[PDB]
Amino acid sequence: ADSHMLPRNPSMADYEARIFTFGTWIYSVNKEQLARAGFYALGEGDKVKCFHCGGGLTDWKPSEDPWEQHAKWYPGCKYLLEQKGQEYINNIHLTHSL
């Protein structure tokens, strides 16, 4: 788990690089949402990982929100914080259960 200012995979900080990995994507969740939320696809099922915290997510379900799942599972992510803020992270945890 990375909660440092330094991205775990700085090479995926590049947006074009993340979006490349979603060139095709057969799963329910929108790929632009996934990319903006910091994820890139591993190329194995629906596994994605955050470039910053290195947090991985998989088994996506219809209606699931990439930023919400990002905050639910990896609330200490610095990229997540920079984009979404502490209020959002905390509210995700007040309304969700793991």
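Rigid core: the largest C-alpha set superposing within 1.5 Å between the two forms. The first residue of the sequence shown is number 1, and the count goes up from there.
- Of the two segments 57-65 and 44-52, the one whose CA positions lie farther from the displayed form in 4 other deposited structures of this protein, once all are superposed on the rigid core, is 57-65.
- After superposing on the rigid core, the larger RMS C-alpha deviation in 4 other deposited structures of this protein belongs to 14-22, the other candidate being whichever of 14-22 and 75-83 remains.
- Taking only CA atoms, the mean B-factor in the PDB entry is higher for 21-29 than for the other of 21-29 and 79-87.
- When the modelled residues of the chain are ordered by C-alpha B-factor, residue 52 sits in the lowest third.
- Residue 94: CA B factor lies in the middle third for its chain, per the PDB record.
- Compared with the other modelled residues of the chain, the Cα B-factor recorded for residue 43 ranks in the middle third.
- Per-chain ranking of the deposited C-alpha B factor places residue 70 in the lowest third.
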